[PDB]
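> Sequence and experimental coordinates follow.
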Amino acid sequence: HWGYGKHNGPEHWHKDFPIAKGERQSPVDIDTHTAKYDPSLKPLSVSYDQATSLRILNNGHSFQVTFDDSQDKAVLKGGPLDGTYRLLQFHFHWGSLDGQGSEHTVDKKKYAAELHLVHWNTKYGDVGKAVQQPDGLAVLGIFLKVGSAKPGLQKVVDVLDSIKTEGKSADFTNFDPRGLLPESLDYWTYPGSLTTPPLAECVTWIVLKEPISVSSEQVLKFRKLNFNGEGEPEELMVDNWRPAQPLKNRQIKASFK
Ligand SMILES: Cc1cc(NC(=O)Nc2cc(S(N)(=O)=O)cc([N+](=O)[O-])c2O)ccc1F
Ligand SMILES: [Zn+2]
């Protein structure tokens, strides 16, 4: 089906998923001079000390680490959110060159990659119900810039050889997602959508201001993954990002002056 290619990429998605042309699509460009400081926003509360990672898998568009979401073990709350959201998975978007790869942009600046931690609202009981609701999901977005290595990322980097091709997975227990956070939790927030099909408009986006640094050797290993399955022609998994969409009738809010 869909992908990031010339013949099946984001400009084609509306044919199968007409909400692609909807009123609250993501990602967007964050224009820092038009964002509104909102003093009523609360600090984010990230409680990941009890997180239980399970598996790591190549799904043909990205790779994801999945977590046990059967209890409140790793939760996100506060900020613009009402209620408790459980961590389900995280994944990345990255580019073929260091000057591209993020989905959100800041004053039109692209970062080398973007990390998405996907959480769902526990009032809805299961994630399938949550994606049907306007406040069903909260995705925490973190920008990656190339510089010094991020020690907390290396354990992800070292297992990617074992999930090179579409459909491969591997046990990936005891991974602590706190190692992927920047120092500051200052953020922008806006109502948006999933950035992959089905592009459901169910996401409160929380995009952190401070990027994390990763080394050139770390991001190079992202670029060695494959879109294709084993035994097919090799296409490198790169540029798996959706370009910015129209903001339309939305306000981006900032948690900081
Ligand atoms: C109908 C339905 C869809 C989903 N899909 C989903 O949650 N996440 C997902 C999100 C993004 S993103 N960029 O929107 O956060 C990127 C990737 N990916 O690229 O692998 C993902 O696999 C989950 C439950 C559900 F019932
Ligand atoms: Zn994503």
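Noted; the coordinates are in hand. Residues are numbered from 1 along each chain as shown. Ligands and ions are numbered 1, 2, ... in the order given.

> Got phi/psi on the residue of the chain most remote from its centre?
Within the chain, the residue lying farthest from the chain centre (Cα atoms, centre = their mean) is residue 231, at 28.8 Å. For residue 231, the backbone dihedrals are phi 80, psi 10 (criterion: degrees, to the nearest 10).

> how far away is it from ligand 1?
Distance of residue 231 to ligand 1, given as Cβ to the nearest ligand atom, to the nearest Å: 22 Å. Using the backbone N, CA and C atoms, a C-beta is placed for each residue, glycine as well.

> swap in residue 79?
Residue 79 sits 17 Å away from ligand 1, taking Cβ to the nearest ligand atom as the criterion.

> That residue and residue 256 touch, don't they?
No - counting by Cβ atoms under 8 Å, no contact exists between residue 79 and residue 256, whose distance comes to 11.9 Å.

> Could you name every residue contacting both of the two?
Shared contacts of residue 79 and residue 256 (Cβ atoms under 8 Å, 6 or more residues apart in numbering): residue 187.

> quick one: which of the two has more around it?
Set side by side, residue 79 and residue 256 show more neighbours around residue 79, with 21 against 13, by other Cβ atoms under 10 Å.

> ok, now which ones touch the more buried one?
Here residue 79 is in contact with 41, 42, 43, 44, 45, 187, 189, 206, 255 (Cβ under 8 Å, 6+ apart).

> Give the closest residue to it in space, chain neighbours not counted.
Distance criterion Cβ to Cβ, 6 or more residues apart in numbering; nearest residue to residue 79, sequence neighbours excluded, is residue 44 at 4.4 Å.

> That neighbour: neighbouring residues, count only.
Residue 44: 21 neighbours (other Cβ under 10 Å).

> cool, the one 3 residues further on as well?
Residues lying near residue 47 (other Cβ under 10 Å) number 16.

> how about the residues of this protein near ligand 1?
Within the chain, the positions near ligand 1 by Cβ under 6 Å from any ligand atom are 59, 61-62, 64, 91, 116, 118, 127-128, 131, 139, 194-196, 198.

> Would you show me how to pick out the buried ones of the residues you listed in PyMOL?
Restricted to buried positions by 16 or more other Cβ atoms under 10 Å, the PyMOL selection for these reads:
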select buried, resi 61+62+64+91+116+118+127+131+139+194+195+196
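
> My guess is residue 102 contacts residue 116. True?
No - in this structure, residue 102 is not within contact of residue 116 by Cβ under 8 Å, at 10.5 Å.
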